[PDB]
Amino acid sequence: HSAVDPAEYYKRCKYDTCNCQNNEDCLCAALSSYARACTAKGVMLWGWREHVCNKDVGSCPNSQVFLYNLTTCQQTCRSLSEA
Amino acid sequence: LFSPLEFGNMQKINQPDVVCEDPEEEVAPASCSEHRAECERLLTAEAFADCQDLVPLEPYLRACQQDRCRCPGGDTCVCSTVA
């Protein structure tokens with residue numbers, strides 16, 4: 001709230017949730033949009049999927065966990081071969 | 001020609017908090033015509049004299065057909081149609 005001023009994302013969240021037939025997907029898409037926008041300005045919301053959009057956080061593979069800062073340059077050692 | 005069940009299922013309303021399953025098609029039961037005399041006698045009594053010309057008779061008696069056989073024991077379904 002000290003950086004992004006969510007006052008403009010709130011009305012859009014309501015609009016999308018009320019409009020689309022599959023409301024939960026639009027709800028999560030709208031929240032993820034604000035999360036991406038805030039992360040763009042240095043403030044990262046770690047662990048924001050615990051009450052609202054945690055429908056796939058726990059579905060990750062056995063040794064692979066859900067992340068919030070997954071990056072392109074974090075692939076297998078095949079990528080490290082070129083690097 | 002839409003069957004009643006599918007046509008009714010078309011008019012469903014989606015609440016974005018609960019998922020409710022539509023009723024499935026049950027096996028077609030025998031035409032409960034063995035109680036037609038009962039419905040015809042009870043419905044066309046003297047108390048209903050001056051309405052034989054206002055309202056039809058076939059639909060309500062047809063409904064009574066299923067009510068009599070689908071509600072064994074207490075007569076809580078038959079006296080709901082004549083009502």
# chains A, B, ... in the order shown; residues from 1 in each chain; ligands from 1
$ interface_residues --of "chain A" --to "chain B" --cutoff "10 Å" --atoms "only C-alpha atoms" --output "list in words"
residues 17, 18, 21, 22, 23 and 24 of chain A
$ select_by_dssp --residues "chain B" --states "helix (DSSP H, G or I)" --output "PDB file with N, CA, C and O atoms, in the first residue's frame"
ATOM      1  N   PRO B   4     -37.923 -33.322 -19.699  1.00  0.00           N
ATOM      2  CA  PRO B   4     -38.071 -32.363 -18.593  1.00  0.00           C
ATOM      3  C   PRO B   4     -36.807 -32.180 -17.773  1.00  0.00           C
ATOM      4  O   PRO B   4     -36.501 -31.045 -17.382  1.00  0.00           O
ATOM      5  N   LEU B   5     -36.055 -33.251 -17.512  1.00  0.00           N
ATOM      6  CA  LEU B   5     -34.895 -33.139 -16.635  1.00  0.00           C
ATOM      7  C   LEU B   5     -33.816 -32.241 -17.221  1.00  0.00           C
ATOM      8  O   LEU B   5     -33.321 -31.345 -16.527  1.00  0.00           O
ATOM      9  N   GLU B   6     -33.433 -32.457 -18.477  1.00  0.00           N
ATOM     10  CA  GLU B   6     -32.426 -31.620 -19.115  1.00  0.00           C
ATOM     11  C   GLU B   6     -32.887 -30.180 -19.294  1.00  0.00           C
ATOM     12  O   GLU B   6     -32.087 -29.261 -19.091  1.00  0.00           O
ATOM     13  N   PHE B   7     -34.151 -29.959 -19.666  1.00  0.00           N
ATOM     14  CA  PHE B   7     -34.656 -28.595 -19.769  1.00  0.00           C
ATOM     15  C   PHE B   7     -34.598 -27.881 -18.427  1.00  0.00           C
ATOM     16  O   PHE B   7     -34.222 -26.704 -18.370  1.00  0.00           O
ATOM     17  N   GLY B   8     -34.965 -28.564 -17.341  1.00  0.00           N
ATOM     18  CA  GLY B   8     -34.817 -27.972 -16.025  1.00  0.00           C
ATOM     19  C   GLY B   8     -33.376 -27.704 -15.654  1.00  0.00           C
ATOM     20  O   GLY B   8     -33.069 -26.660 -15.073  1.00  0.00           O
ATOM     21  N   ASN B   9     -32.474 -28.631 -15.981  1.00  0.00           N
ATOM     22  CA  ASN B   9     -31.058 -28.431 -15.696  1.00  0.00           C
ATOM     23  C   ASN B   9     -30.488 -27.225 -16.428  1.00  0.00           C
ATOM     24  O   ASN B   9     -29.477 -26.669 -15.986  1.00  0.00           O
ATOM     25  N   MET B  10     -31.109 -26.810 -17.534  1.00  0.00           N
ATOM     26  CA  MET B  10     -30.629 -25.647 -18.270  1.00  0.00           C
ATOM     27  C   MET B  10     -30.844 -24.351 -17.502  1.00  0.00           C
ATOM     28  O   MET B  10     -30.077 -23.400 -17.690  1.00  0.00           O
ATOM     29  N   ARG B  36     -55.507 -44.987 -11.362  1.00  0.00           N
ATOM     30  CA  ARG B  36     -56.232 -43.937 -12.067  1.00  0.00           C
ATOM     31  C   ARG B  36     -57.644 -43.777 -11.524  1.00  0.00           C
ATOM     32  O   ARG B  36     -58.133 -42.649 -11.388  1.00  0.00           O
ATOM     33  N   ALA B  37     -58.313 -44.889 -11.211  1.00  0.00           N
ATOM     34  CA  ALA B  37     -59.666 -44.807 -10.671  1.00  0.00           C
ATOM     35  C   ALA B  37     -59.687 -44.044  -9.354  1.00  0.00           C
ATOM     36  O   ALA B  37     -60.596 -43.244  -9.112  1.00  0.00           O
ATOM     37  N   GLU B  38     -58.702 -44.284  -8.487  1.00  0.00           N
ATOM     38  CA  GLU B  38     -58.645 -43.578  -7.212  1.00  0.00           C
ATOM     39  C   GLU B  38     -58.552 -42.069  -7.409  1.00  0.00           C
ATOM     40  O   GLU B  38     -59.326 -41.311  -6.812  1.00  0.00           O
ATOM     41  N   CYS B  39     -57.604 -41.618  -8.237  1.00  0.00           N
ATOM     42  CA  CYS B  39     -57.455 -40.189  -8.482  1.00  0.00           C
ATOM     43  C   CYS B  39     -58.709 -39.604  -9.116  1.00  0.00           C
ATOM     44  O   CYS B  39     -59.175 -38.537  -8.698  1.00  0.00           O
ATOM     45  N   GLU B  40     -59.276 -40.292 -10.110  1.00  0.00           N
ATOM     46  CA  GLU B  40     -60.473 -39.790 -10.772  1.00  0.00           C
ATOM     47  C   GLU B  40     -61.645 -39.667  -9.809  1.00  0.00           C
ATOM     48  O   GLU B  40     -62.361 -38.660  -9.840  1.00  0.00           O
ATOM     49  N   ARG B  41     -61.856 -40.667  -8.951  1.00  0.00           N
ATOM     50  CA  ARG B  41     -62.953 -40.601  -7.995  1.00  0.00           C
ATOM     51  C   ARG B  41     -62.735 -39.489  -6.979  1.00  0.00           C
ATOM     52  O   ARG B  41     -63.632 -38.667  -6.752  1.00  0.00           O
ATOM     53  N   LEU B  42     -61.555 -39.440  -6.358  1.00  0.00           N
ATOM     54  CA  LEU B  42     -61.331 -38.458  -5.302  1.00  0.00           C
ATOM     55  C   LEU B  42     -61.390 -37.036  -5.846  1.00  0.00           C
ATOM     56  O   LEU B  42     -61.928 -36.137  -5.191  1.00  0.00           O
ATOM     57  N   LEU B  43     -60.846 -36.808  -7.044  1.00  0.00           N
ATOM     58  CA  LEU B  43     -60.782 -35.450  -7.570  1.00  0.00           C
ATOM     59  C   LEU B  43     -62.143 -34.950  -8.044  1.00  0.00           C
ATOM     60  O   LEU B  43     -62.498 -33.796  -7.781  1.00  0.00           O
ATOM     61  N   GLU B  46     -68.343 -34.065  -5.491  1.00  0.00           N
ATOM     62  CA  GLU B  46     -69.364 -33.031  -5.584  1.00  0.00           C
ATOM     63  C   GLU B  46     -68.858 -31.668  -5.133  1.00  0.00           C
ATOM     64  O   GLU B  46     -69.345 -30.645  -5.628  1.00  0.00           O
ATOM     65  N   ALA B  47     -67.895 -31.629  -4.210  1.00  0.00           N
ATOM     66  CA  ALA B  47     -67.351 -30.365  -3.734  1.00  0.00           C
ATOM     67  C   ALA B  47     -66.720 -29.540  -4.848  1.00  0.00           C
ATOM     68  O   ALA B  47     -66.604 -28.319  -4.704  1.00  0.00           O
ATOM     69  N   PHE B  48     -66.316 -30.173  -5.945  1.00  0.00           N
ATOM     70  CA  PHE B  48     -65.668 -29.502  -7.065  1.00  0.00           C
ATOM     71  C   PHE B  48     -66.642 -29.327  -8.227  1.00  0.00           C
ATOM     72  O   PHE B  48     -66.264 -29.400  -9.397  1.00  0.00           O
ATOM     73  N   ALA B  49     -67.915 -29.094  -7.904  1.00  0.00           N
ATOM     74  CA  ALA B  49     -68.954 -29.054  -8.928  1.00  0.00           C
ATOM     75  C   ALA B  49     -68.715 -27.923  -9.922  1.00  0.00           C
ATOM     76  O   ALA B  49     -68.489 -28.166 -11.113  1.00  0.00           O
ATOM     77  N   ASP B  50     -68.756 -26.679  -9.454  1.00  0.00           N
ATOM     78  CA  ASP B  50     -68.709 -25.527 -10.355  1.00  0.00           C
ATOM     79  C   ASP B  50     -67.277 -25.088 -10.643  1.00  0.00           C
ATOM     80  O   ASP B  50     -66.926 -23.914 -10.542  1.00  0.00           O
ATOM     81  N   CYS B  51     -66.433 -26.053 -11.011  1.00  0.00           N
ATOM     82  CA  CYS B  51     -65.138 -25.749 -11.606  1.00  0.00           C
ATOM     83  C   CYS B  51     -64.758 -26.757 -12.683  1.00  0.00           C
ATOM     84  O   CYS B  51     -63.657 -26.659 -13.239  1.00  0.00           O
ATOM     85  N   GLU B  58     -57.142 -33.420 -17.093  1.00  0.00           N
ATOM     86  CA  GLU B  58     -56.128 -34.392 -17.485  1.00  0.00           C
ATOM     87  C   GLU B  58     -54.792 -34.148 -16.789  1.00  0.00           C
ATOM     88  O   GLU B  58     -54.202 -35.091 -16.247  1.00  0.00           O
ATOM     89  N   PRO B  59     -54.273 -32.914 -16.785  1.00  0.00           N
ATOM     90  CA  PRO B  59     -52.930 -32.686 -16.228  1.00  0.00           C
ATOM     91  C   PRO B  59     -52.817 -33.042 -14.753  1.00  0.00           C
ATOM     92  O   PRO B  59     -51.884 -33.742 -14.340  1.00  0.00           O
ATOM     93  N   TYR B  60     -53.755 -32.550 -13.946  1.00  0.00           N
ATOM     94  CA  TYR B  60     -53.723 -32.801 -12.512  1.00  0.00           C
ATOM     95  C   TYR B  60     -53.901 -34.272 -12.168  1.00  0.00           C
ATOM     96  O   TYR B  60     -53.207 -34.770 -11.276  1.00  0.00           O
ATOM     97  N   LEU B  61     -54.799 -34.981 -12.848  1.00  0.00           N
ATOM     98  CA  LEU B  61     -54.922 -36.417 -12.639  1.00  0.00           C
ATOM     99  C   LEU B  61     -53.670 -37.166 -13.071  1.00  0.00           C
ATOM    100  O   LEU B  61     -53.251 -38.108 -12.386  1.00  0.00           O
ATOM    101  N   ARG B  62     -53.058 -36.765 -14.187  1.00  0.00           N
ATOM    102  CA  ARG B  62     -51.798 -37.375 -14.591  1.00  0.00           C
ATOM    103  C   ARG B  62     -50.741 -37.196 -13.511  1.00  0.00           C
ATOM    104  O   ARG B  62     -50.015 -38.139 -13.182  1.00  0.00           O
ATOM    105  N   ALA B  63     -50.646 -35.992 -12.947  1.00  0.00           N
ATOM    106  CA  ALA B  63     -49.737 -35.768 -11.829  1.00  0.00           C
ATOM    107  C   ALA B  63     -50.082 -36.645 -10.634  1.00  0.00           C
ATOM    108  O   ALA B  63     -49.178 -37.207 -10.009  1.00  0.00           O
ATOM    109  N   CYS B  64     -51.371 -36.775 -10.310  1.00  0.00           N
ATOM    110  CA  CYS B  64     -51.797 -37.674  -9.245  1.00  0.00           C
ATOM    111  C   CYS B  64     -51.351 -39.107  -9.497  1.00  0.00           C
ATOM    112  O   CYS B  64     -51.109 -39.847  -8.536  1.00  0.00           O
ATOM    113  N   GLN B  65     -51.254 -39.513 -10.764  1.00  0.00           N
ATOM    114  CA  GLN B  65     -50.817 -40.874 -11.066  1.00  0.00           C
ATOM    115  C   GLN B  65     -49.470 -41.174 -10.420  1.00  0.00           C
ATOM    116  O   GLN B  65     -49.321 -42.170  -9.702  1.00  0.00           O
ATOM    117  N   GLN B  66     -48.472 -40.318 -10.660  1.00  0.00           N
ATOM    118  CA  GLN B  66     -47.164 -40.532 -10.049  1.00  0.00           C
ATOM    119  C   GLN B  66     -47.209 -40.318  -8.544  1.00  0.00           C
ATOM    120  O   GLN B  66     -46.563 -41.060  -7.795  1.00  0.00           O
ATOM    121  N   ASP B  67     -47.963 -39.319  -8.082  1.00  0.00           N
ATOM    122  CA  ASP B  67     -48.024 -39.031  -6.655  1.00  0.00           C
ATOM    123  C   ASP B  67     -48.511 -40.224  -5.848  1.00  0.00           C
ATOM    124  O   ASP B  67     -47.932 -40.524  -4.798  1.00  0.00           O
ATOM    125  N   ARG B  68     -49.552 -40.911  -6.312  1.00  0.00           N
ATOM    126  CA  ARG B  68     -50.098 -42.045  -5.578  1.00  0.00           C
ATOM    127  C   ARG B  68     -49.107 -43.192  -5.447  1.00  0.00           C
ATOM    128  O   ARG B  68     -49.023 -43.806  -4.376  1.00  0.00           O
ATOM    129  N   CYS B  69     -48.355 -43.498  -6.503  1.00  0.00           N
ATOM    130  CA  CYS B  69     -47.415 -44.609  -6.487  1.00  0.00           C
ATOM    131  C   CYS B  69     -46.037 -44.224  -5.965  1.00  0.00           C
ATOM    132  O   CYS B  69     -45.344 -45.083  -5.410  1.00  0.00           O
ATOM    133  N   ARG B  70     -45.625 -42.967  -6.122  1.00  0.00           N
ATOM    134  CA  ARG B  70     -44.325 -42.515  -5.646  1.00  0.00           C
ATOM    135  C   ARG B  70     -44.318 -42.164  -4.166  1.00  0.00           C
ATOM    136  O   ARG B  70     -43.241 -41.920  -3.610  1.00  0.00           O
ATOM    137  N   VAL B  78     -50.994 -37.141  -2.404  1.00  0.00           N
ATOM    138  CA  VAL B  78     -52.229 -37.096  -3.175  1.00  0.00           C
ATOM    139  C   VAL B  78     -53.056 -35.865  -2.822  1.00  0.00           C
ATOM    140  O   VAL B  78     -53.570 -35.185  -3.718  1.00  0.00           O
ATOM    141  N   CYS B  79     -53.201 -35.548  -1.534  1.00  0.00           N
ATOM    142  CA  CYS B  79     -53.995 -34.400  -1.113  1.00  0.00           C
ATOM    143  C   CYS B  79     -53.220 -33.091  -1.242  1.00  0.00           C
ATOM    144  O   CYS B  79     -53.694 -32.042  -0.795  1.00  0.00           O
ATOM    145  N   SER B  80     -52.033 -33.138  -1.849  1.00  0.00           N
ATOM    146  CA  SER B  80     -51.311 -31.937  -2.236  1.00  0.00           C
ATOM    147  C   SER B  80     -51.633 -31.487  -3.652  1.00  0.00           C
ATOM    148  O   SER B  80     -51.425 -30.309  -3.968  1.00  0.00           O
ATOM    149  N   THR B  81     -52.132 -32.378  -4.506  1.00  0.00           N
ATOM    150  CA  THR B  81     -52.524 -32.020  -5.864  1.00  0.00           C
ATOM    151  C   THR B  81     -53.950 -31.484  -5.907  1.00  0.00           C
ATOM    152  O   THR B  81     -54.203 -30.433  -6.503  1.00  0.00           O
TER     153      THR B  81
END
$ closest_residue --among "A:3, A:66, A:51, A:60" --to "residue 39 (chain A)" --atoms "only C-alpha atoms"
A:3
$ atom_distance --atom1 "CA of residue 8 (chain A)" --atom2 "CA of residue 46 (chain A)"
21.9 Å
